[PDB]
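Only one chain is included here, represented as structure tokens and corresponding to the form deposited in one PDB entry.
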């Protein structure tokens, strides 16, 4: 199995004790490390900020301590949006320019591969044709990586891609049979399945359906999502399950109702270090628990959730990860991806359970392999 881990670029911009630098990561903890996000300019891959080139050098410099470790560069993301991709895949000319720049760029900075993260190739403003086009880009990109590897004579560069965790998004933007043929891996976004927008309390990455999940919500769970992918042509070995190191905060309209499906008003207040609304890193949830937040286990969905006053949090802990890692033996080889690493108690300061409690669990249960 593979233990992939995301390293956010804006993580080192958090308050000192909440700041995570690329060289602070354990080289033997993951099998694949993915870099926050790269940018695009003139249908050419490029960095987001000059500071980045220094993160690349430090990120790949870990391959000295762990020779089997592989690093990938991710382009895309939610903020990025579909617009730039739609325009880059529009013509074979633009396509060939991106692909070559991705090769030059990746080979120059010592990356072993590229992670495409086109947030939804068929929705959010992307036309239906992009479902077909996205497929073309992959087949084309896979082929050049292949030629480059033959002529230059070096291990081929990996090509992965994220995949929707929402049925209706998968149907309009992903050609799974063809895609599962050209990609090396598919990181499935099995998280954010419920958010304060829904209007009720829900869970971030539930393993199973909730006795309250009705209609399309019945599929809003790891088990159902993975099965849809598998049933539509995706190879189990190539599927990589999403493991979030954070939770989502809601605000109960009645502190009397603190269970799943409880009526909500809005997202929760920003956390001390991760400054957003609606979220809380794993280590930030530990403080919440430590300050008297009533912790309860969701048996039907196999995940935890806690609450304080009118503050509700749906997250994941070591127990939910272990339970999820055992389920992962659905020949769901390949394995899991931690999203994001910097949101795990990397220092042991907040959750007094040593470094990377969540990732350490996945690593042990997936028996991560490394002659080091």
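Positions refer to the first chain, counted from 1. Superpose the two forms; the largest set of C-alphas matching within 1.5 Å is the rigid core. Shifts are known only where both forms have a C-alpha.
Quick note: we don't show the form deposited in another entry, though the next part is all about it.
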Choose, among 129, 197, 124, 152, the residue with a C-alpha displacement of 2 Å or more between this form and the one not shown when the rigid core is used for superposition.
197
Align both forms on the core first, then report whether residue 67 has a C-alpha shift of 2 Å or more between this form and the one not shown.
no
Displaced residue check between this form and the one not shown: residue 57, CA, 2 Å or over, core reference:
no
Has the Cα of residue 317 moved 2 Å or more between this form and the one not shown, judged after a core fit?
no
Given a change of 3 Å or more, say if the Cα atoms of residue 215 and residue 195 sit closer or farther in the other entry than in this form.
closer
Cα-Cα trend for residue 331 and residue 211, given that in the other entry the distance shifts by 3 Å or more:
closer
After superposing on the rigid core, which segments of 3 or more consecutive residues have every C-alpha shifted by 2 Å or more between this form and the one not shown?
195-198, 330-333
